[PDB]
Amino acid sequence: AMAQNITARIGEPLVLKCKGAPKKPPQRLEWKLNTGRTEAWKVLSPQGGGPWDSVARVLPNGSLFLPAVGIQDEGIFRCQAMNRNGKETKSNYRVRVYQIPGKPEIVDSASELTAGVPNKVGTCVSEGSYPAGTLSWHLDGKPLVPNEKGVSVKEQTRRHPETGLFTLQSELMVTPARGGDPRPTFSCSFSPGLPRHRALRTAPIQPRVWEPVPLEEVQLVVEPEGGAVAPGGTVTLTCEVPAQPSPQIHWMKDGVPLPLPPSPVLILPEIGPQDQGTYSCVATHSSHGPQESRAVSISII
């Protein structure tokens, strides 16, 4: 292109060369610019104390000097110069600015994820960028692409009117599959939109995954766990119905209700071969169909 692209850091000095200009007077040169500040084409006079002299000043060599460039200085800068040969030279610049935010952080991260359901892993936050830029996630050292699974991201971009700088947020949500990696490792990174620059990365986090046992409506535990016992001695059967305050529990052997009153517990002491069989409990409720616990096989050896 004719226009040379200039990329400058916010808050830093910038010098724009007026090519083909004599180094000392006499100089036939003129700067014309159009920036966020002017909202129009303006001649930038070389004399001291001009309208813009706290922001942009022409140097003795004809170069344009900006002590501390800002977002509003983005725009077009043109110099038309004349050598001592009568040689006509033009310089055309397009100025864009940038700022690199501080290192991104993951806030409110989860120590433990629950397999089988959505979890908020954490929220990546980036403060003080221009232009906006973007946040992305890594998983086990590889890029994590959204909306596969189970995996989703809630993103937002916010501009601070007092500085023109951006705050970025990326909230990561995952649904870990049962049988998966019990310690997935995540990290987030910020990619500047300008200039070309290394990604800034958070320290990684490694939440553990807990796989909840499937919840039975009627729960049966047997001590000892096996339901296998030496001759003589005891087995105790215990029944629980979490969703009911006052459950009515009826014990069964081999699919047939035992001639007993309702009770949450059934102890089988002095076990002989005759006590061998499949046991379970049934929770009855008025207006509802009965529910059975898992079947436990009790044997002797």
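Throughout, we count residues from 1 along the sequence that is shown.
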task: Tell me which of 197 to 205 and 78 to 86 has the higher mean C-alpha B-factor in the deposited entry.
output: 78 to 86
query: Mean CA B-factor: is it higher for 97 to 105 or for 214 to 222?
result: 214 to 222
statement: Reading the B-factor column for Cα atoms of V153, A228, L139, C124, the highest value belongs to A228
task: Specify which of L268, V43, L59, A56 carries the largest Cα B factor in the deposited PDB entry.
output: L268
field: For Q244, the third of its chain into which the C-alpha B factor falls
entry: middle
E171, C-alpha B-factor rank within chain (lowest, middle or highest third): lowest
field: Ranked against its chain, the third holding the CA B-factor of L144
entry: middle
query: For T38, does the deposited CA B-factor place it in the lowest, middle or highest third of the chain?
result: middle
query: If you rank the chain by CA B-factor, which third does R9 end up in: lowest, middle or highest?
result: lowest
